[PDB]
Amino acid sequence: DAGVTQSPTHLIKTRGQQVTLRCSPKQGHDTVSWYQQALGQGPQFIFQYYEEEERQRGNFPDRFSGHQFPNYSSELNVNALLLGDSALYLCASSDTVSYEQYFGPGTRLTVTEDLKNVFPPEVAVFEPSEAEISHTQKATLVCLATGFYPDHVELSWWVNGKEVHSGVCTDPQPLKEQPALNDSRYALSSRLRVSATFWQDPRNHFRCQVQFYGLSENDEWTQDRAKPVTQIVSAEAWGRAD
């Protein structure tokens, strides 16, 4: 992209490990600023790099180090990772003449106690109730993704092979299945509402698709259960003349 790019999309690590995050500024920008954003907070400034120098640094300890290369691209290295480092890490680029800081898409870091805390979602679709169809002439399907950790999934709906946005609402935050515990798994729901006539056509195919961000090949895995890799999990229903 000629926009701000970052890699990787996500990282899952344990305490004490280290990470390097990468940023390329937007074409035409020469300054990069890194920020940490916790849930419910504003982005907190880590440092800014121009002409390969750290020009400003925010309230971040020495385990956050940075670098900017001659081609303007940048790295953020964090070591001796702590559980509290779990956050969205944002890169923003700017130039010396304009009023424009623009953010990249971010890298989500989870630092967890053990990779055995990582689980992919299970996904199920629940069919509209005949009571609703007869009461409203509308049909609501619910998709439920449960049991996942870390808490980043993206949920989409697909009707007869086409992604749909109309009639959809997905919870903006996953909910914690075990509120009282640090390594609680998560759930997320989404609804798709269609006319009862559309649901009542048995040729109509509805599929809830959940992208999970999990482990890769670089992660060791020696549990019995399947390695909880980055994956998509779907569920489906077909329409019915009831």
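Note that residue numbering follows the sequence shown and begins at 1.
For the segment pair 153 to 161 and 133 to 141, the entry gives 133 to 141 the higher mean B-factor, averaged over Cα atoms. Higher mean CA B-factor, judged across 218 to 226 and 15 to 23 from the recorded values: 218 to 226. Taking only the listed residues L115, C91, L109, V168, the entry reports the highest CA temperature factor at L115.
Listed residues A87, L82, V97, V123 were ranked by CA B-factor as deposited; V97 comes out on top. Split the chain's modelled residues into thirds by C-alpha temperature factor. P70 is in the highest one. Among the modelled residues of the chain, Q37 sits in the lowest third by CA temperature factor in this PDB entry.
Sort the modelled residues of the chain by CA B factor and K176 lands in the middle third. Sorting the modelled residues of the chain by their CA temperature factor places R191 in the lowest third. Per the PDB record, residue ranking by Cα B-factor puts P128 in the highest third of the chain.
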